[PDB]
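Notes for the one structure printed next.
2 protein chains.
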Amino acid sequence: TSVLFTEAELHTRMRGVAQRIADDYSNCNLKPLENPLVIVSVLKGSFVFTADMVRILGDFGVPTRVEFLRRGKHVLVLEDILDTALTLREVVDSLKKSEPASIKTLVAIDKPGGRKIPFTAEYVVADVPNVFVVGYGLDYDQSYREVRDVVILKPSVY
Amino acid sequence: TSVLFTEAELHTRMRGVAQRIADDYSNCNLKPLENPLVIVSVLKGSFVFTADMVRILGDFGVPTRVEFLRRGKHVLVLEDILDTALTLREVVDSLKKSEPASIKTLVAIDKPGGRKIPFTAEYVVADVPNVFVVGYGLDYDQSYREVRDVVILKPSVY
Ligand SMILES: O=c1[nH]cnc2c1ncn2[C@@H]1O[C@H](COP(=O)(O)O)[C@@H](O)[C@H]1O
Ligand SMILES: O=c1[nH]cnc2c1ncn2[C@@H]1O[C@H](COP(=O)(O)O)[C@@H](O)[C@H]1O
Ligand SMILES: [Mg+2]
Ligand SMILES: [Mg+2]
Ligand SMILES: [Mg+2]
Ligand SMILES: [Mg+2]
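So the protein lines, in turn, are chains B and L.
Position in the first sequence (first residue = 1) + 7 = the working numbering.
Position in the second sequence (first residue = 1) + 7 = the working numbering.
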């Protein structure tokens, strides 16, 4: 239907978030191999957002190391969209059982109007009202993930 | 150490490969939902290459649908680097057991000098001599995947 955020808008916001992550993780001072920022990507839709974000965080002095879902290290969980927050709440708690060092959440699209439980992400790229969107990893039955922009799908499509 | 291919060089080659994939898959005429090009991404290093490639293939009229590793549909397997070809050979044969429609391989970095078995990819972004490279998804012990370019690592690093 209509475009909510373009690839240029997302990358601009992700650069601003990257500068915050660079400043907030300075006293940890991340270096490759020895002390990398462990990136936990929640498949599938997060792979587009994860691929761009790690290439931007490296541009800002933050070396990263990625893991894919579905101790003593600093963990940043990345998900494409934050809606009911039921999946991210279970993932964060499951990662706290391994006892890291500092765990935070970074989402690309946050829909606060769809929460089933209270949950706040430490870093949010953009906010979206309670409407169904596709693109930038988001799908409707495994399609439209490859759209470079976050758009609202036509009702006749679904 | 030195840079072999930059992000600009890769995306330029990936646009040329995308035009070939668009022409070679015309008689299949891919449409979203009903007839999508099934993208099989081999984790982990392929996630950077997969995220860029699906956003380029959509730019060329090729809608895609992604699956991640580690019937009757057209399948294109994507891997970050092609070296011994032992993993990709086993993956292709395992996907042929599901009886698709047309299966091909697309790799970002092909090292022909490291083959343990004969294997040719249908689509290759760039060729690299038998040297250890990092960046663009490639790693040395889960680090340096976030480098925007394919570079050779300093020997003192490893
Ligand atoms: O706006 C959207 N666009 C794409 N996916 C969404 C959107 N809102 C929720 N989802 C995802 O849809 C799934 C929930 O759908 P359900 O499992 O059919 O109830 C979860 O993976 C959500 O992250
Ligand atoms: O040039 C390289 N850069 C990054 N990874 C490589 C390179 N060459 C081979 N690999 C990967 O290294 C792995 C093989 O290493 P091994 O399992 O220690 O023998 C496979 O996943 C290969 O794809
Ligand atoms: Mg999600
Ligand atoms: Mg879905
Ligand atoms: Mg590989
Ligand atoms: Mg490796």
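For each residue, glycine too, the CB sits at the ideal point set by N, CA and C.
- One residue list follows from the rule of a beta carbon closer than 7 Å to any heavy atom of ligand 5, given in chain order as L/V49, L/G52, L/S53, L/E86, L/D87, L/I88, L/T94.
- In the structure shown, B/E86 falls within a strand segment according to DSSP collapsed to helix, strand and coil.
- Residue contact with chain B for L/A108: absent (no Cβ-Cβ distance below 8 Å to any residue of chain B).
- Taking non-hydrogen atoms of ligand 4 into account, the C-beta of B/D146 is found less than 7 Å away from one of them.
- At a cut-off of 8 Å between C-beta atoms, B/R27 does not count as an interface residue with respect to chain L.
- Per DSSP, the beta bridge partners of L/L76 are L/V49.
- At a threshold of 7 Å, B/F12 does not count as near ligand 2, since its beta carbon sits no closer than that to any of the ligand's heavy atoms.
- For the options B/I88, B/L89, B/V47, B/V84, the alpha carbon positioned closest to that of B/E74 is the one of B/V47.
- Under the Cβ distance rule, L/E16 does not count among the residues neighbouring chain B, no pair being separated by less than 8 Å.
- Distance between B/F126 and L/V99, taken at the CA atoms: about 42 Å.
- In this structure the region 48-55 of chain B does not touch the region 21-37 of chain B; the number of beta carbon pairs closer than 8 Å is below three.
- Pairing B/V132 with B/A115 gives a Cβ-Cβ distance under 8 Å.
- DSSP places L/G142 in the strand class (E or B) of the three-state scheme.
- Excluding the 5 residues flanking it on each side, B/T8 has same chain C-beta neighbours closer than 6 Å at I159, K161, in chain order.
- According to DSSP, B/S109 shares a beta bridge with B/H81.
- When rounded, the separation of the alpha-carbon atoms in B/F12 and B/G68 is 26 Å.
- B/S150 and L/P39 have their C-alpha atoms spaced approximately 6 Å apart.
- According to the DSSP assignment, L/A133 belongs to the beta strand (DSSP E) that extends over 130-134.
- Residues of chain L with a Cβ closer than 7 Å to the Cβ of B/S150 are, in chain order, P39, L40, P43, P70, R72.
- Using a CB distance cut-off of 8 Å, B/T19 does not count as an interface residue toward chain L.
- For the pair L/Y130 and L/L93, the Cα-to-Cα distance works out to about 18 Å.
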